[PDB]
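A.B. asks: Protein chains in written order, with the authors' numbering: chain B, 1 to 56; chain c, 1 to 209; chain n, 1 to 120; chain k, 1 to 122; chain p, 1 to 114. Cβ atoms here follow ideal geometry from the backbone N, Cα and C, with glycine treated the same way.
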Amino acid sequence: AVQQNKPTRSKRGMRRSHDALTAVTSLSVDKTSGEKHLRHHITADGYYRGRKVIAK
Amino acid sequence: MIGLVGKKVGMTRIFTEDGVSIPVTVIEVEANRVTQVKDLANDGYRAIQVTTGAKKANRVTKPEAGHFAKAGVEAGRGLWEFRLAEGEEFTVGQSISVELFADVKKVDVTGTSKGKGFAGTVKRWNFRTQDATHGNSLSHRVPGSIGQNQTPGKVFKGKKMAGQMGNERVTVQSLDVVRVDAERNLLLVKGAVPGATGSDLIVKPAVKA
Amino acid sequence: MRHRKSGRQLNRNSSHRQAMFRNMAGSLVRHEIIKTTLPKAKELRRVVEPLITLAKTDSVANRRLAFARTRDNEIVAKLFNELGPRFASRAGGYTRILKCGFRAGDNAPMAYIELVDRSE
Amino acid sequence: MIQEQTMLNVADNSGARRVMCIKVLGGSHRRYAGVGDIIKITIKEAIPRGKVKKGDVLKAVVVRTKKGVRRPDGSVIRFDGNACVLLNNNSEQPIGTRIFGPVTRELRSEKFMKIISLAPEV
Amino acid sequence: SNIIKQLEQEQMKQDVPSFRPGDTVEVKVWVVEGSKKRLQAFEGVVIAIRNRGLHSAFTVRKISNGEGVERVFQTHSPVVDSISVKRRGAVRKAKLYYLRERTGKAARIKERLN
RNA sequence: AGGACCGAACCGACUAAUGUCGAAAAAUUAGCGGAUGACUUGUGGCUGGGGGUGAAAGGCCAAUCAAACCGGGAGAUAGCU
RNA sequence: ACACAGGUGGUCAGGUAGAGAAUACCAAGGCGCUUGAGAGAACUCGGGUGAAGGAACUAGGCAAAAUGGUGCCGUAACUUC
RNA sequence: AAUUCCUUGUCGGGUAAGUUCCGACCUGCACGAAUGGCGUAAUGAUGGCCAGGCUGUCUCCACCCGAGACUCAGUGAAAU
RNA sequence: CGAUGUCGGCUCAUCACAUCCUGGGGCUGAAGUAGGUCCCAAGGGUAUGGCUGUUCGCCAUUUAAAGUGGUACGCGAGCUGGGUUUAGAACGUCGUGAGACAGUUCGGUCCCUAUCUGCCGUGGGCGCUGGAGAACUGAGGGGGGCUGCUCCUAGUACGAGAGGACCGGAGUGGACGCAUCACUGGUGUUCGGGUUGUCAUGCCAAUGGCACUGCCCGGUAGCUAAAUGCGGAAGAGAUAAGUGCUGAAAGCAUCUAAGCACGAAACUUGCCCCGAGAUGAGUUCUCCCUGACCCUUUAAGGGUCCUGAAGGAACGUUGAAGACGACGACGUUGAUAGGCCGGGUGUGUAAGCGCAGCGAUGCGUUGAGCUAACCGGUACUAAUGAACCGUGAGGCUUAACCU
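(1) Would you mind working out which of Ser77/p, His76/p, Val16/p and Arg61/p sits nearest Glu70/p, comparing C-alpha positions?
(2) Note down the Cα distance separating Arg86/n from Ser97/c, rounded to an integer number of angstroms.
(3) Of all the CB atoms in chain k, is at least one closer than 8 Å to the CB of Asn65/p?
(4) Any idea if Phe67/n is buried or exposed, counting beta-carbon neighbours within 10 angstroms, 16 or more meaning buried?
(5) Mind checking who residue 124/k pairs with in its DSSP beta bridge?
(6) Since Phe21/n is in the alpha helix (DSSP H), which residue starts that stretch and which ends it?
(7) Assess, as a yes-or-no matter, whether the stretch 82-101 of chain p is touched by the stretch 26-38 of chain p under the definition of 3 or more beta carbon pairs within less than 8 Å.
(8) From the DSSP secondary-structure annotation, give me the bridge partner or partners of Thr52/c.
(9) Per DSSP, what are the beta-bridge partners of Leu175/c in this structure?
(10) Determine the direct distance from the alpha carbon of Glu49/n to that of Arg124/c, and round the result to whole angstroms.
(11) Taking C-beta pairs closer than 8 Å, name the residues in chain p that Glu64/c reaches, listed in chain order.
(12) At 8 Å on the CB atoms, spell out the chain n contacts of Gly117/c, in chain order.
(13) For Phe118/c and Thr37/n, what's the separation of their Cα atoms in angstroms?
(14) Where do the ends of the beta strand (DSSP E) carrying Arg71/p lie?
(15) Contact check, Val92/c vs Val37/c under 8 Å by CB: the rounded distance?
(16) Is there a Cβ from chain k that is less than 8 Å from the Cβ of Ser77/p?
(17) Count the other CB atoms within 10 Å of the CB of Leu27/B; is the residue buried (16 or more) or exposed (fewer)?
(18) Please confirm whether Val180/c and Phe101/c have their CB atoms less than 8 Å apart.
(19) How far does the beta strand (DSSP E) with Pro205/c in it extend, from its first residue to its last?
(20) Can you give me the Cβ contacts of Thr6/k inside the same chain, cut-off strictly under 6 Å, excluding the 5 residues immediately before and after it?
(21) How would you label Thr35/c, buried or exposed, when you count the other beta carbons within 10 angstroms and need 16 or more for buried?
(22) Would the stretch 70-78 of chain c count as touching the stretch 45-58 of chain c if we require 3 or more Cβ pairs under 8 Å?
(23) Is the CB of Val69/p under 8 Å away from at least one CB in chain k?
(24) Identify which residue in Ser91/k, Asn90/k and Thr65/k has its Cα closest to the Cα of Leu107/k.
(25) With distances taken from CA atoms, which of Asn82/k, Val69/k, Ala60/k and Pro72/k is nearest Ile115/k?
(26) By the 10 Å Cβ neighbour count, where 16 or more other Cβ atoms means buried, how is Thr133/c classified, buried or exposed?
(27) Ignoring anything shorter than 3 residues, give me the beta strand (DSSP E) runs that lie fully in the stretch 33-85 of chain n, in order along the chain.
(28) Taking the straight line between their C-alpha atoms, what separation do you get for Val29/B and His40/B?
(29) Identify which residue in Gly66/p, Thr75/p, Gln11/p and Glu8/p has its Cα closest to the Cα of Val46/p.
(30) Compare the C-beta of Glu33/p against all C-beta atoms of chain c and say whether one is closer than 8 Å.
(31) Got a sec: which bits of the stretch 56-82 of chain k sit with their beta carbon under 7 Å from any beta carbon on chain c, in order along the chain?
(32) So what does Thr24/p bridge to, in DSSP terms?
(33) How would you list, in chain order, the residues of chain k whose beta-carbon sits under 8 Å from the beta-carbon of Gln74/p?
(34) For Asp73/k, count neighbouring C-beta atoms within 10 Å of its own C-beta (all shown protein chains included) and say buried if the count is 16 or more, exposed if not.
(35) Am I right that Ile113/n and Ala41/n are in contact with their C-beta atoms under 8 Å? What's the rounded C-beta distance?
(36) How many Å lie between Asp117/n and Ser21/c at the Cα?
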């Protein structure tokens, strides 16, 4: 249940090929506050689609 | 010859006069319409392309729309096709109905089987269970040996193992048509056809006879 | 293979499961707004919302159910008196779900759940 | 739903009380025997002075199964015990004379007109 | 489904007398013997009722000349012809299976008599 | 009265499963045997290596036993690798 | 060797049910065991249930299932009585 | 036979079918009298065998409840 | 020999043909039926128990048949550990003894998280020559191919008689496989109910918590089988063994050397599935984009500004789709999910209250009350407007047709 020959650098490079972590590459600006936030996510401040929901 | 494209609507039964409770699948078959007709002139084979149902304007793509516009038939979800048999003829737009089957004896149903998902050998290939007692360890339902030894030193292609059961374009044959109701577009067959109620089905005349 | 099934296991044996919803029930009513992981939130609706439907019609019988469920004398008092009449008109949809981010320590997708009224 | 090792009951005054199915007949690897089937049974419990005796090995036909039967309507007829009718191990021809309990309409196959002629029911 | 249901009531028979589990019932069967299309009877207590529209079906247990025989019956089946209630039993459980492991005096059910 | 019976603590360790780079260098879960006695346990003593002790297995003598461990003869000897 | 499911003698020891220090539920009191959130595939561990049949399994009824309490009735071969 | 190689000896019982088992037979390869012989109530986490009960042991497996396995986040080995 | 785990069983098999069955034939000491024996043929099929560690073998009972071998006497990084093959012990036997015996007997730790190949599934990248969307052709590959019995022809042909067909047609079975919950059932710790003990909600009443879901009874949806459908084929081409026609070599004869025709579950098709990464990357239909400018080793070049289309992706609601990806549906122009309304289904006459009774409890109100996933509707809640990716008419040569 163990490796026979030690894999090279070339291999683990290929194994790690798909480990790329894509970023959000998508940012939503509030129509009212003009803040950057995730789509379908209340702003960091706490607004949402114009509304002041969090009240905090 | 060419069949139609129905839809699985559920399963019911018909009590004959004597009480023979013929279990039947209710397959609604709308009026399929021809959109594109292929010929040996271009494609070498003669066939007709049909459609049924309807889509939404917000979900019908530009490429799709133009194709339908070329035929002037409203977009029906999907586009199936049927090979012709040279004893017939067709013209663009024809709203072909379930009328075809009202005369056949047996038909053949094609559809997508239920998606069982990743399934073990016992369920996928009916492998016989190992004894779940008498000292057996951690191997109550595993496949068991899959090769011989050094001589062939490899696993033969085609070997049955665990994997994906379902979603296969299965096909049943020789199914007896029970009764046909053009009134509400009902094709009643005797049997149990593939698919989940609400999943599209291709029906066509029985080949073997 | 859970085809067509419903509910959420939530990595909790049933007795433990019905436990928190009962506890999480009053909290949602006691404070009218709470923070919690999203999957739970979607599930919480399937419990508290039907509870409000119960209270709409005041009756010795109903009150006992509201005590049978939620085992809370107080929420019953908070129900049948305030939450009952306030939602008299709305047909369902007595709750709101807002996505709020991710929990600090374990990247759990928190989300806010609050009563639709939420306005004094 | 009879099979090997099943312990049945005799449906006639044949000469036994309780029997055992040592072999389903007909077809290779046959698994189960139902109402209309011929099975090789031994005898496990005879009546003191019957026409047979403990330890005999002769063919028999079952007549009632706790598993029941199914008709062309969907109905079933579940009995309350597994009962069989003894036969001569060479040429069927039921051994006993009088038959207890009902049997079934699905047993008439022309080689049992003796049987249904005796059944007090169904 | 609109389709199925409209299609269902087509065959569902109407003249079915109401009854409850535990009620002794007389049932007539369209039994046929080659040519002799007879109307055999069958009377046993109802031990379970299933209400699935066209698929509704009950079952009765009769202790006839020997031992018990549990025969189910597709309610809307043409094979059954008539259904007469004989005695309305007073039980308080939908399914009466527990009658199986008891017989005689240990079995006798109560009488409802309103 | 009882090396008496049933059965907890306590003592023991027959069976099965898990575990086997384990939670653990011998345990766990579920059942098993004894349980007023040739019982079991705390504390302190005595017996030491061709010796001890042993209801006796070559068993145990600090995770080590057909001859303990530590140091020294001693860089033993090795027609073998 | 570890913040390790192990091992460590003595003392006190309530309520209800129970023969009982068993056990089930609680009190005083003390904790949720120092990775979590989702999903709800094969497969493995612990479990629950199961039509008809009921040891055909298998080296072997291993394992499970099953029986299980108090009081009265009744109880063989054999026996060192 | 805890002993018998031949041997699954031969006969009887038990089973539809018994190289095991139980009772005899003496042809004791190579039993035998305190390295004890032959019996024996009771006892036994003892060896073999049969019967009742009961059951997923099995025909032949199906469903479900949980803990992993799977994915996201933090930490992060090992044999080779 | 700085390790190749060794019998048997379980599981999974795969190949050969020296063929047990099924198929086709020759001869017969072949009437018929049933056989003997030899030839071609490997598609498919090819037992259940008793006894033993058993392979084997014997026996009981079946079957159309219960094939013979190769595969490290197939298969322990898949299981078992009965046998053998340690340490304990005893019997017989050998030896003065320590001990010894394919002589016997009882007991006796079976480790490994899978890098590579292989294999079963499923994805990402890029290529396919402007890009995009769907639908296909189809090279090639795979699965499947079993057979009994009963009846009719016909008690006919055959035959002293008894017995008893070929060819051909129909029904119904067993085993195997596929699909599906309509029926019969199972499960159904998210549904209803009964009930033991104890604790708590101030107490009664009414409920909840724990005790394997506390123990139980039934049970929707799904899933599933023992349940319910269908399948193997008919037909065609080329043949094997074999039977032939015509016919010389050899005036004859002869199936063959010319020529022509028959002839099997085998082979190629026919039936079903995958499949254009088939780089030989195919075909069809449709949709989208037709702006300026410098630089230069002026080359299928590099660069800047203004535009970014079709479509896609991402996000959210999600699913009879699913390990993750992926796949299907929906995104206010909405039925995608939850809830709500109505219905169904299941459980079985709630609670509260009045009456009779000393009480337990019964009775009326009531087929009520409560109902998971189910069906039909309803925007009440949640699916935000935009942004992100993707461009700005698509090389050279040649030929046939239009300028």
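C.D. replies: Per the coordinate set shown:
(1) Looking at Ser77/p, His76/p, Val16/p and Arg61/p, the one whose alpha-carbon comes closest to that of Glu70/p is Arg61/p.
(2) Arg86/n and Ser97/c: Cα-Cα distance of roughly 55 Å.
(3) Closer than 8 Å: yes.
(4) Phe67/n comes out exposed.
(5) Nothing can be reported for residue 124/k, as the shown portion of chain k is limited to 1 through 122.
(6) From DSSP, the alpha helix (DSSP H) with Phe21/n extends over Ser14 to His31.
(7) Taking 8 Å as the limit for Cβ pairs, the verdict is that the stretch 82-101 of chain p does touch the stretch 26-38 of chain p.
(8) Bridge partners of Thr52/c: none, in fact.
(9) The beta-bridge partner set that DSSP reports for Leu175/c consists of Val107/c.
(10) Looking at the two C-alpha atoms, the distance is approximately 42 Å.
(11) Listed by position along chain p, the residues whose Cβ is nearer than 8 Å to that of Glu64/c form an empty set, because the closest Cβ is around 28 Å away.
(12) The contacting residues are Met1.
(13) The alpha-carbon atoms of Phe118/c and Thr37/n are separated by roughly 29 Å.
(14) Element bounds for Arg71/p: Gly68 to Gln74.
(15) Right, the Cβ-Cβ distance comes to about 6 Å (below 8 Å), so this counts as a contact.
(16) Cβ-Cβ to chain k under 8 Å: yes for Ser77/p.
(17) Here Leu27/B is exposed: its Cβ has fewer than 16 other Cβ atoms, across all protein chains shown, within 10 Å.
(18) Result yes, Cβ atoms of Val180/c and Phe101/c sit closer than 8 Å.
(19) Looking at the DSSP string, the run of the beta strand (DSSP E) that includes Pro205/c is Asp200 to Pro205.
(20) Non-local beta-carbon contacts of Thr6/k in its own chain, meaning distances under 6 Å to residues more than five positions away in sequence, involve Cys21 in chain order.
(21) The residue is buried, with at least 16 neighbouring Cβ atoms inside 10 Å.
(22) Three or more beta-carbon pairs separated by less than 8 Å link the stretch 70-78 of chain c to the stretch 45-58 of chain c, which places the two stretches in contact.
(23) Judged by the 8 Å Cβ criterion, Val69/p is in contact with chain k.
(24) Of the candidates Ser91/k, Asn90/k and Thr65/k, the one whose C-alpha sits nearest the C-alpha of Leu107/k is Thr65/k.
(25) If we check each option's Cα against that of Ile115/k, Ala60/k comes out closest.
(26) Burial check for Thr133/c: the Cβ neighbour count within 10 Å stays below 16, so the residue is exposed.
(27) Within the stretch 33-85 of chain n, the complete beta strand (DSSP E) runs of at least 3 residues are 33-37.
(28) Their backbone Cα atoms lie some 11 Å apart in a straight line.
(29) Answer by Cα proximity: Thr75/p.
(30) So, not an interface residue.
(31) If the cut-off is 7 Å between Cβ atoms, the stretch 56-82 of chain k has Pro72, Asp73 and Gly74 near chain c.
(32) Among the bridge pairs identified by DSSP, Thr24/p is matched with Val45/p and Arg87/p.
(33) Neighbours of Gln74/p on chain k, chain order: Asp73, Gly74 and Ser75.
(34) When all chains shown are included, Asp73/k counts as buried.
(35) That pair is a contact at about 5 Å.
(36) Approximately 56 Å between the Cα atoms of the pair.
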